[PDB]
Amino acid sequence: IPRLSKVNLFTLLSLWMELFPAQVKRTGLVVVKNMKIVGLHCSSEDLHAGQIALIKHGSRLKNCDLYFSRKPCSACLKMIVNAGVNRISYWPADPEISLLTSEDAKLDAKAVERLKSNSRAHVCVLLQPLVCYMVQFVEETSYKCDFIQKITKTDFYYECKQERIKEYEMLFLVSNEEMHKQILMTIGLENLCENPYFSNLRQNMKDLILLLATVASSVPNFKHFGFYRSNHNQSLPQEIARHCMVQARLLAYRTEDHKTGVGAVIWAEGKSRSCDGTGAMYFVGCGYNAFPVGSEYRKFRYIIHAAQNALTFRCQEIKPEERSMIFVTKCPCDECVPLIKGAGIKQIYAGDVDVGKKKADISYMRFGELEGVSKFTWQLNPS
Amino acid sequence: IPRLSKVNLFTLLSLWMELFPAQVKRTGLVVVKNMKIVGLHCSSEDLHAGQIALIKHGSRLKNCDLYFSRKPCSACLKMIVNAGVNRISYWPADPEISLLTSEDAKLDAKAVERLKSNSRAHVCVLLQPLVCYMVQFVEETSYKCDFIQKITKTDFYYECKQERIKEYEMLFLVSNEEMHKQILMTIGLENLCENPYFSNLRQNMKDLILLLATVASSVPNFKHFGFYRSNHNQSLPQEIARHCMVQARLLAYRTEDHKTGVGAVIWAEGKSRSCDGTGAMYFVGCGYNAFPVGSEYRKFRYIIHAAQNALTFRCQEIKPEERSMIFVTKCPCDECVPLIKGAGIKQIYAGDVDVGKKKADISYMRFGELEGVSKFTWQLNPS
Amino acid sequence: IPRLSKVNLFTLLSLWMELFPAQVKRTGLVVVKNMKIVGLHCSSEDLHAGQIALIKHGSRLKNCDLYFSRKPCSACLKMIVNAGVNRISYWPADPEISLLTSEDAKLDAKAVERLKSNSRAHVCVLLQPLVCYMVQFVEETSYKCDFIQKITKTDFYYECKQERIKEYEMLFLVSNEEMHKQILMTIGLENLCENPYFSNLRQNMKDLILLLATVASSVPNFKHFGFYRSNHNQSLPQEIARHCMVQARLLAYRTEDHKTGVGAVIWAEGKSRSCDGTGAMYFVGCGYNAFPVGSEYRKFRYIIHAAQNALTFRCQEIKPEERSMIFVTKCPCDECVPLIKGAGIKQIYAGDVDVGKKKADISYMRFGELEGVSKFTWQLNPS
Amino acid sequence: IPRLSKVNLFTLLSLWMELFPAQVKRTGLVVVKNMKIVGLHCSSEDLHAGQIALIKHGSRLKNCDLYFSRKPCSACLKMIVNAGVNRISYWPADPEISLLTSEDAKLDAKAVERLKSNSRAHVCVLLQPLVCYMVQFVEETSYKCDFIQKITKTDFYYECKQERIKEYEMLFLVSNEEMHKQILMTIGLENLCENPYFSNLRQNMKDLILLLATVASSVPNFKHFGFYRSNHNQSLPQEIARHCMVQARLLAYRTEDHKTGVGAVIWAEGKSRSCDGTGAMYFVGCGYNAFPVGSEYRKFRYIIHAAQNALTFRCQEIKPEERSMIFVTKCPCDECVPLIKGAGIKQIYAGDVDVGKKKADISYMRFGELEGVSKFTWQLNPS
Amino acid sequence: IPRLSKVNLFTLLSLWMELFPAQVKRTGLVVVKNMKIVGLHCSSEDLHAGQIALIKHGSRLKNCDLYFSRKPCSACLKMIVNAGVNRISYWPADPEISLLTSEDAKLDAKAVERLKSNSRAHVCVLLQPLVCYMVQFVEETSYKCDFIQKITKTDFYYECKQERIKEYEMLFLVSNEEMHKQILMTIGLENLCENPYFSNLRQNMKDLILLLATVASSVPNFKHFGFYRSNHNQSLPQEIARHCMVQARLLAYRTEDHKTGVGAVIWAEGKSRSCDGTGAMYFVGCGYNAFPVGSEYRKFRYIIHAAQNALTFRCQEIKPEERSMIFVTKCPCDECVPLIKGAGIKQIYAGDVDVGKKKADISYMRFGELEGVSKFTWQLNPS
Ligand SMILES: [Zn+2]
Ligand SMILES: [Zn+2]
Ligand SMILES: [Zn+2]
Ligand SMILES: [Zn+2]
Ligand SMILES: [Zn+2]
Ligand SMILES: [Zn+2]
Ligand SMILES: [Zn+2]
Ligand SMILES: [Zn+2]
Ligand SMILES: [Zn+2]
Ligand SMILES: [Zn+2]
């Protein structure tokens, strides 16, 4: 099966983080340390994505790969290169200081280039072309996901997917070819301004947005479907729950071991005010189905599930007093439910498609009779 | 004087952690990083020792030596090797999935062997033969310990020692040679099934259990003896206090310099629910008398006391809101009492034998007149 | 412009930490890791500076540069070298155990020498001579600082300067050459007892005390001037606020190339008891105006402000429930105010000379319109 | 079987290197890098052992453990601590500048002590007590060695051992307790001047000399026995061949889990002048019959032979123009002969006791018809 | 005493290497690894300095600081950064492709700037201002050097110094204000084109050429003075001997703390053809008087002499077949002569001013009767 690239996932997550529900445009950000995500940020109405990462992490940004969805401003670049970041990737579309307006915006882009030159920071573009079968694979698996299939049991997917394609291309892409060349010249990408490198970057940029609109439509806003109980115990806002579930869906395409991909993400809600664009919520960990590191490949009994990787490679600890949520694309197995409950995760969001089913090596019986953790599943509103 | 080996102490502590007061058998665990204990776990009624370590530590298990008291199951082994552990030692007896019953257990043991070979971490047995004088030295010092000597002032020790020997032999040892050979064949120790490598392992396994029963009897349940106030402020359960004190007694035999060994262990009680087999309690730090690292050797003004090493080489911080207590085998000196009080440790458990004594380079006067820290000492129940 | 030496600042801060408001004398301490300050400690009436560092840091003292204001005692030296400190600088004045009295004091100093020889850590003296222009540069800038200039708007600075010169000479210096030679022979600096290496050390010691009394007088006690609100929300004690502001003033002289030096320090106040000599307050971070690490380069557009450096290279995290204070020598700019507010810093202490100004590349308009953060500025008491 | 310690072997080899045939006494030296010998030196009539190592290695002494047979003088110590050596072990009998005479010698020892104090090099004594069965094991295995058995088939061994004991103890040991007491006071070993540490060190020193005289006598100068060919190509001098064979015989006691021990050493003869005390010859590599660096568990099929270890962990390369010879205690097997011939080793010195024998997992048939390499075997002089 | 800076000495040596006797201009180069010189190169008539370093070192240029005397061309820069060099310092007077002529030269400079921008290696200028007493100190000591004093005992020094000042400033400096201003604009040094940074760089550049002309005149071509034998034996060409002696004379000012600074350099002559600008002659090692590294500090007894540092920190080995010679400013002591003779150095060049003298802790008696090593001393031609 096709496997999503690491730099393509961190780029896709950065674009998705820009769409977190809430002259200078919004910017998402992914902070990656040792090829593991250690933070997902968004630009609040007060601060920037590159400045929130400095507040949240500080000197811990040393030797970190930062993936912005817009080129960071001069103020936001000097602070992160001083922190110690070694790689700053960005989406080659309109930067943070909107060039589609100004003298200040155009002059600021020049300052970034001078700052990029005399500094050792690898401010570059890590965007990569996808595999030919990747876009077909994502569309095929999205229609079979636990969320589209749940609605089917109640044509709509393609209709909703087209709207996301329109919405995510007037936001993450410069439709005009002449406008994009101006931006690429202004942000120090002259070698990418000439064909076929201009068309290669543009095609791949459109290629990744199609994948994002395909994944984002797999957890759709449609006919009042959301995450609700089957009976803290309070549900998240539906916009946040769907956004965090798409993050798990994106991680599900990093799966390497099984033909069916599972991805999980852990989010916790602070009890105090926060400077991030996500609000009180912050990112705890993420993971996907994979073999143990080192190629440790009965074939399913040597895999680390999505929930287990999230609890293993987590940056922030689970605060007992806080409300911490986990978003698993599928029903947690009998192996992961004790770990999720044991780790102190208060709420579980998943798709109750495999619930109650016993297989040869995996079982989904503990999820249904789980006590102590609130389980929200994709379904119609009981009210 | 004989000095306990590092791998022998981590093996003994793992066996002792299995006896923490509270198909698949209980397992103790010692997580060691940079030759320093950074966690003492036990198998809860819900989770496993290997899975609890993943929850408590996560990715911090990287480059860690884990000492189980039973061979971890395939589920627990795949997670810890994924986290990045370095050396998975285990007690070469009945594994976690009990072989003394089943087809599922035998298949699971095979699954570990395939995972052991595919993976990189060294799943080995670090059990070592004891020094010839070690067992005699341990018995000699245990009769002169601050707890047995306190009892005599108010023949019994050997009577209690024999009972522990019987109890710990039917638990940590396979008495039947036929049964043990089946286990060693099943758990991949084929080259330890033939003599003299079969009697060597069996003798050493029995040799360490004799040492454990000797140390465990030095803090005995006898004539309603426990840790009570000499007159939070609430005492720990007597089973927990004695268990944590034997941990300090085990560390006291790593004392390299001074003729009398003192060991200390710090435990803290969380205010929330926990997934560990020890309950709300968790391990903060441990230490013993030793010269400053790097062989920095009066001969007593260059020694780092047991309390000071525990405060120095501690994994978890002392939470001011939590109830944290320290178990020191001997009365804390006038040098360690301010450090224990200053660090925020709420309770002190020790043997008030040296209390009030004024030696040349060491004094025990500040312990008696200590304000702000609850002091529990080995004595009769006042009520 | 003159730039303060890295080891001269850590030496000056250690002397200043000894003056934190509250047989054995007080001792200040600076813990430096990777050339960044990770702790500022004083000596409480119960504990020592070298023992408080062990409590606050523990094993985190590994590979740390410790700058004491007095030579640590044998008890304090053995604990820090056990932790893993590599370099222990000290002020070559009277040590912690006062030699200006005793047989116990003189024997303890000899014990340190054996410990210093036996151990590996570099117990040395890093005091360095100042630049010729440095001493009058500090005096010139101090008279033009935001605090002396504020008073003049309401011939006095030199009277304060002389008083602190007298106060800091009878405290940090041994005026008698006979007494100092005895101390230097006792504390193992026998090669510094002979000229010209005896007058060189004494001259350097006098130059730093002259510089310290110059900086300390820049935030004077003249009249009723203090840090009051420009109408938690409660002000710090005036002695603490002035002391913490002088720390920022000392950091302001590490400014890389900018003509005007700005320094910031962040302090937080815990709600529980503490063992430190500073009380409940602990040190969060420090910084100064400087270009991004790696010598990055309109010239002001590529500089990291004092507040931004403090937020980046901070050891402790900003606890939302605690009281956090930042002391910036100049008025925070429009770049730093969102970061200080975003980071959760509850109170701002700063000057108000530049408030309301609109320069070309910098503005000070958001400070006046700041909501949610208490602002304290150098002014007379409104009451 | 008793396995010789690393620091005991490097100490034993340093003593043996002092006996290389050729006010200030001759000194042997072993240079160890990554626990592998990278040089064997002796004090020439012109230079010192510590100065020859600097010439032969230079900056390569960085992070190396040097094992002298006498405490290096001030000139030798300052040059090797400059190079960057890690540990400088020595035999605590009599330093290079002999104290059994002078004011200059006594003054120099004090200079070494001051140089040790202010430097970070671990100038220590790594001498360790032997295992109880070690001395008996060496004695019994020496009568069954390939060289004593050869003479037997043509009571003498004990007679040769006794005279070696007299010679080696008179040279490597200070017989007078008072005289040795003075030396340990002079060379900064006061803590070893008090019983039982004075008797422990003295007993351990005699234990290693007894072992050395046992190993040295195993390749005895009895009658006209030596290493002769079986009718370059010229034989080494018999004193050199016997000395180098004992080196290969001392390595034989590092054997890992194999009842019969095999050790190898490779020496090459330079075509030009040399500053070493060994003459034109230099040390190429050493190795003992042992398992791979990890574990390899028919059990003989996974053990690395002595010749293979020497060719693997060799410091100097085999120059085709030079005359290089290898000394192996046992006859090279059919597996090692192609490697020795292939590596370019010109001459082989061995014991032809098990030559021509074909065992199950090992054969010795290729040695008899080895073409291109001159084979010298322990035998009586043909003429 | 003033001490020459590291980056300030490697700059001086690079300029001096340009003057090695033999459109595009000759360029000297210093390759520095771990703050130790590992190569001195000059631009041959067929190759460039940056290309000879690649041939001589290859991949060993990784993590090396290269100090060119002219900015390397685009061809030379791309290969050295491909090798993995760390810093490329240069003398900001005129690049390799001379700008004082062309369109090709001006275009080439732009290519270097683009190459430096998108690459990672620090192409910077490490030139530093001299200490105030430095220039006077060198002028005073040079008149008292072994070579000026030798001629004096046979006013001239100042006359030769002025000629070197006239020659070296015409070559290493751009006298015209406008021409140097244009070059700094062309080579991407616009930040140094504005006062006072234009006058600062020009003044410091003049200070070093004055320093170089002062040192280069300390070994003058006055009358028929040269290095001739006191009583291979063949001497070097007088131009080469004087040039190599000035290298030693330059390192004499790197001496840690001695009024009598001593510097040494070792050179060897290959028997075959070479691509370097120095011919078959290549650089072996260099050194100066200094205390042992590691804070080491009868003061002269703990000083590693210039010859000893040269042998310790040599890069190339002393090949017996080649002709290798050492240049020491002072007469080798009785301690360094055995090491120079032992290391295999064939010839010694020195100043026989203090030959035969016997001080307290140093003697110069062994140099007079040194057999086996050819000795050449500064004297009049015996013909
Ligand atoms: Zn921005
Ligand atoms: Zn699962
Ligand atoms: Zn388990
Ligand atoms: Zn104590
Ligand atoms: Zn102290
Ligand atoms: Zn600012
Ligand atoms: Zn010597
Ligand atoms: Zn063999
Ligand atoms: Zn070139
Ligand atoms: Zn010398």
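Counting begins at 1 with the first residue displayed.
Quick reminder: no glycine exception, Cβ is built from N, Cα and C everywhere.
The following features are taken from Swiss-Prot:
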BINDING   B:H48, B:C73, B:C76  Zn(2+) 1 binding site
MOTIF     B:200-212  motif 'Nuclear export signal'
BINDING   B:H305, B:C333, B:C336  Zn(2+) 2 binding site
B:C73 (Zn(2+) 1 binding site) versus B:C336 (Zn(2+) 2 binding site) - Cα distance in angstrom: 42
Any further residue of that chain within 8 Å (Cβ to the Cβ centroid of B:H305, B:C333, B:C336) of the recorded Zn(2+) 2 site: B:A306, B:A307, B:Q308, B:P332, B:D334, B:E335, B:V337, B:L339, B:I362
Pairwise Cα distance for B:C333 (Zn(2+) 2 binding site)/B:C73 (Zn(2+) 1 binding site) [Å, integer]: 45
Among B:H48, B:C73, B:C76, which are recorded as binding-site residues, the nearest neighbour of B:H305 (Zn(2+) 2 binding site) by Cα: B:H48
Number of Cβ atoms other than its own within 10 Å, given for B:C76 (Zn(2+) 1 binding site): 28
Assigned conformation of B:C76 (Zn(2+) 1 binding site) - DSSP reduced to three states: helix
DSSP helix/strand/coil residue counts for the motif 'Nuclear export signal' (B:200-212): 13 helix, 0 strand, 0 coil
Entries of B:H48, B:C73, B:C76, B:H305, B:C333 (binding-site residues) sitting next to ligand 4, with Cβ under 6 Å as the cut-off: B:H305, B:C333
Where B:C336 (Zn(2+) 2 binding site) sits in the secondary structure, as DSSP reduces it to three classes: helix
Fewest-neighbour residue among binding-site residues, criterion Cβ within 10 Å, set B:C73, B:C333, B:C336: B:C73
Those binding-site residues in B:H48, B:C73, B:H305, B:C333, B:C336 whose CB falls under 6 A of ligand 3, listed in sequence order: B:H48, B:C73
Shell of the Zn(2+) 1 site beyond B:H48, B:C73, B:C76, same chain only (C-beta within 8 angstroms of their C-beta centre): B:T27, B:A49, B:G50, B:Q51, B:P72, B:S74, B:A75, B:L77, B:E96, B:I97
All-chain count of other Cβ atoms within 10 Å of B:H48 (Zn(2+) 1 binding site): 28
CB contacts for B:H305 (Zn(2+) 2 binding site) [other CB atoms within 10 A, all chains]: 26
